[PDB]
Amino acid sequence: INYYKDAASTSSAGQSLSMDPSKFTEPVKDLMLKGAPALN
Amino acid sequence: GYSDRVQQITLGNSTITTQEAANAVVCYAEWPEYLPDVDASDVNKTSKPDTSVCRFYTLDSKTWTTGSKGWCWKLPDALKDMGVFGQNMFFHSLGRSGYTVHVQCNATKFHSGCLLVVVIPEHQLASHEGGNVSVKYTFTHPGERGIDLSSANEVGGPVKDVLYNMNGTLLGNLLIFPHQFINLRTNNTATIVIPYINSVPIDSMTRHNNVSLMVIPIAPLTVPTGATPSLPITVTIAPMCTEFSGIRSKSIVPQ
Amino acid sequence: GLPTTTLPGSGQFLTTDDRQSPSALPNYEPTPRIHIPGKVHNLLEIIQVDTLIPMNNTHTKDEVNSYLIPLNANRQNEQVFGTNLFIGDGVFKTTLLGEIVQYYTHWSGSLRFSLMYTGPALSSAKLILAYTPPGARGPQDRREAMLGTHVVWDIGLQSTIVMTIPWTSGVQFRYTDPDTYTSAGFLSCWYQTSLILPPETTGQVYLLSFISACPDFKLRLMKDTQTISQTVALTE
Amino acid sequence: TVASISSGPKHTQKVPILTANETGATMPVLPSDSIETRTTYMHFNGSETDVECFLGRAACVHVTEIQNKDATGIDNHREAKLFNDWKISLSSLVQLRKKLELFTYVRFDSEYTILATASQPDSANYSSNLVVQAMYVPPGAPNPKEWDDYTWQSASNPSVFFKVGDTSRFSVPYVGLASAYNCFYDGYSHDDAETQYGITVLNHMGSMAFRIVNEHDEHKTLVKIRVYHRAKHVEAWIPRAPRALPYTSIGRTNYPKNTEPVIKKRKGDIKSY
Amino acid sequence: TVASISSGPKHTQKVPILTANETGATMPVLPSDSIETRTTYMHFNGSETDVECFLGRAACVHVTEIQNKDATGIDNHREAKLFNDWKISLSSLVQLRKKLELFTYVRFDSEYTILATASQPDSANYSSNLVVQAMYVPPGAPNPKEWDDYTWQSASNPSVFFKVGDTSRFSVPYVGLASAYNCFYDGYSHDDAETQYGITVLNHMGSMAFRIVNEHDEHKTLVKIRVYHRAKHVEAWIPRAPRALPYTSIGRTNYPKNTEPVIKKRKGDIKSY
Amino acid sequence: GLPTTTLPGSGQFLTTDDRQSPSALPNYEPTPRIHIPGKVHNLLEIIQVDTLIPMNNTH
Amino acid sequence: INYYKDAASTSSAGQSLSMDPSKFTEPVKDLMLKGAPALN
Amino acid sequence: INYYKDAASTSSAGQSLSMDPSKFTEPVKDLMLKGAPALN
Amino acid sequence: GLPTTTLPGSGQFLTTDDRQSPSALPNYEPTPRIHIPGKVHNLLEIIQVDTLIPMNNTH
Amino acid sequence: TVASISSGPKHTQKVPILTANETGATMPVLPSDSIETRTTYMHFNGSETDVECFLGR
């Protein structure tokens, strides 16, 4: 129950439960498959 | 013609027969089983030597005399040197096991005496010094010899006072732990099956003992007239469902 | 703004109240439970396991020997032991039953008292155990004893005898702590015929005695035990 | 539920009262196996003996003390009680300890209540109003050195601010590393020849730090902190024999030497009533 | 509901007003059996005479007192009122006692309110703020010896901490051992020739212990505790004659010697108005 | 957090008010009731039994 | 609404609205009718 | 009604109403019947 | 007026609690979000990127 | 959720543990690519590492 009118006044947000490290761990242009050779 | 009385336990390449048993206790009514995945944490596949480790090792014999106070063995310590069980033990980082314990003591229908055979999960001993003196490692790792409660206090060792279970509780209440009596007039063996009991799924076999087996004379031994005043007590123990994990170099432990 | 009124008791801390509180560690994930044999749910589960009674209390320092009730060969008509039934005191007090009863103020129910015989197998004996319900004195001779709850025990192959002290009471609860009004009786044991040892044998034989509660049992109104105290906080 | 059924005379070959205790069992014998009984009902459930109930009331687990005074020229705040600190534990005081050690492994959430009262043992014009700040300093995180260190910023560490005379209350989930807390541990932290034995090595919970936020007034004020702990959501495994001798140390089983006989000696015979 | 029905002249052989009181009955005679009446309605239910209502308001049952002072060199805390204690009872004060003893057996839950106020009879700079801690010490559990014993840990015994000037309130279920509390008991605890007679032996409820949690300030502070008791969920059996003479003791029926005539003497004749 | 306002009378103790309170003895089980003849429910029940009047008050 | 778990913690009980004086006013073994003679 | 998000913050648990002493009172491997002989 | 009772902990400030508060700036409209590459949701996302270890610590 | 799957001996032409870090990627290698593993579950969600939680006290 929100007792207040504005959105800033609500409690903390709830877990992204998004999670996708590939923008950080695999930003390569041509896709690399694990097990296939790195450099062909 | 089956009696509660006669029994055979075959485990590995070794068999025990008793013709004067008094049933058998299975701690907390649970039988040893391997470690389920749902309970697993370490990602390593474990090693299950099976029949080469799950057989019966008979420790060296003790001698019950009228002055005996009782003996105490720790597991897996007592077996630290038995065959391949022991090797596996020093060579893996983690291991887990249940046991069948069979304590033997026969006499005649003229003797009297009664031993308590009890298994205590997590038996943390007390220092006889009091205060917060610790009990050094070696002292709580007697190996197959076990601890002799009628031996003298030593320094860095535990207290050996029987009315207090080596920890500040009374002998009389040890009966809350899985146990069985050997009453010469009834019984000649005691058998207890111990499931693996810990707060972690698998642990180190050398830095932590998870049960102490204790044999304590309670009604003093009384032999017939001009009989030799003593009887030997033998303890045979078999690891069951043993699993080892995290193999490597081979632990080096104090002393 | 909703109008409220606060009542007497606001701000008090009652150690026994049960309410919600903010978690200091928001979102933390506890370690998974694994299976461990032995879970206890009720103290009533454990007081049904029997434990030994130091009945032979006559020593002067605690010894393994006060658990042993001695028996003499060839005595006739005589008395083996006696005790009142104040389960929160005296012999009972250090037993697991005694020890738990002391966490509660009131108890009601039946008790199970058993004796396991340890004499040579070629000996024999007949004992009588008697429960004397509140209102009479501890019996002074078997004749007196045998007129109340009793069991003739014949020592045989079957080593133990289980006597029950059935709940005999006006009032439905008794205090654990020794109350008169609330008192429960006496328990005595006498030779029915007598212990007989085989040839080549000699001396005293002993009985071990246990106590546990019947499934009948009720304990209520928790309190603090006289069995533990301290003078300064402990440290590591 | 019947507490006793009706039962009459018996003359059988079936004797429920003869057993063999050597087996390790406690055979479930009842009054009706050996006397003639009448029906009676239980009228009772055993509610108040549930382990949740047994361990579920607040117990005092710790009393400490800190003072508000001018720290000017104090070389060791910790030592002046300018801010004490406590090594969270649940066995320093014994009433609750004996209760927990009836079990080998125990698992529960904790609810803490902290009462703080002030004392002014020497001449003051008044009673000031102090705010206490208790911090949770788990192991690995900077521990406070002065009563007003950067530590007290507590940007990542839960802290509660309440007023002396009031009470603070919050609840912490079960923070154990394993599946349960060990009430006992017959092990070492490693196979060292001189390492300590016991659980001391296992309940590495860390400590909790208290301080007054207020600067000093002209008089000195003693604030004494009492921490209460209530177990909620209790789970207990493997019952053990109750503690008989007195305790000497946090975390070891050791009892004092030349202790006194714990079993009361009879005033009379074995035969005495 | 009619309070009176309409009734007119009568000339009968059926006389409801002649009875025989020797029988022990009180025949239900009404105005309309002997005069001519008109209809009237009751307009009333008898709500406020229900026993739940009669015994259901808070009554003061006990006033005690404790003080906060330096215990240094006190050989007997109990004796210095460093912590008093009360033997829970419900007859020490008489207004409520006469009300309860209108019945023989009574069964109810109790709601306690405890008011604590402080006094500073001799020169103080200020009024300190003290927290009281009242413990329930049922019979069989260690009773406090000093004002700061292990007892006060109260790990298994319900205790409430509130501030002087405030009030504490909680409710205790019916703790009697039997089905009802005996307001009277014509018995003994056993057939002893010298044992005490009465109920003293039956309402073995135990005592309740109060103390201040605060250490001492420079002045002394008197705290006076008033316990109020309200019966809720009342059940009462067997009415008795009301108390006529004054009371002398908790738990005995005894009245004082050379007491005064309790029936008011007429100022005049039997014939007087 | 829901916004509240406290009214006059907050914190007072009125010996005649009737509200809920925490039980000090959580989970305790009272003794069963047995039957006892004579239960009274209203004081109006008993004032209908007649009793003797010391009319001759002149002593 | 009870906020508490135990029954002792609830407020006062509610009126018996039972009321039967005859156990006290007419405990006679043979029933007496008003108007009929007391002793026959 | 829970007012708080985490489970630790809820009140006490509710009675096991589990109760099974046999793991403690009868941990024997071959079942013993009351009335039948203990040792056959 | 609805009857209330306050519990232990009233008035405390726990830096880790999560509740509602009045907004000081009623009705204010925040700047629109635009898209920015790189959003992080969990610290678990970033500790999977490898970084160099100063293994040769001997300086 | 599985934290580790069961995996046994390998004698392949497909080597997941040889990579080229010069590319800037951190290849998602697991215990089961280089030792024999057993199944285990995560039992965990990563709740308390959410940035809302990290900056939210």
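As written, the chains take the letters A, B, C, D, E, F, G, H, I and J, and residue 1 is the first residue of each chain.
Keep in mind that, in the parts below, contacts are C-beta pairs under 8 Å (C-beta built on N, C-alpha and C of every residue); 3 or more make two chains touch, one makes a residue touch a chain.
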Closest chain to global C-alpha mean, per-chain Cα centroids: D
Pair joined by more contacting C-beta pairs (B-C or A-I): B-C
Angular offset of chain G relative to chain H [C-alpha, multiple of 5 degrees]: 70
Whole-Å gap between the CA centroids of chain F and chain I: 53
Centre-of-Cα separation between chain J and chain H, whole angstrom: 40
Whole-Å gap between the CA centroids of chain E and chain J: 72
Of all residues in chain D, the ones touching two or more other chains: 15-16, 18-29, 33, 44-48, 50-51, 53, 56-57, 59, 93-95, 99, 104-105, 113, 115, 158, 160, 166-167, 169-174, 178-180, 232, 238-239, 241-244, 247-251, 262-263
Chain C: positions in contact with at least two other chains: 2-19, 21-28, 31-32, 34, 36-38, 41-42, 44, 46, 48-50, 54, 62, 94, 96, 99, 103, 116, 158-160, 172-173, 208, 210, 212, 218, 220-222, 224-225, 229-230, 235-236
Residue numbers of chain A (touch at least two other chains): 3, 12, 15-16, 19, 25
Pairwise chain contacts under the document criterion: A-F, A-I, A-J, B-C, B-D, B-H, B-J, C-D, C-E, C-F, C-H, C-I, C-J, D-E, D-F, D-H, D-I, D-J, E-F, E-G, F-G, F-I, I-J
Complex interface listing, chain I residues touching chain A: 18-23, 25-28, 37-38, 41-42, 44-46, 48-49
List of chain A residues in touch with chain J within their complex: 12-17, 19, 25-28, 32, 34-39
Partner chain C, residues of chain E touching it in the complex: 113, 136-142, 150-151, 154-163, 166-170, 175, 177-179, 189-191, 195, 201-202, 204, 206
Residues on chain D engaged by chain H in the complex (per definition of touch): 14-16, 18-20, 23-29, 33, 45-47, 50-53, 56, 109, 171-174, 232-234, 239
Of all residues in chain C, those that touch chain I in their complex: 2-7, 9-13, 17, 19, 21-26
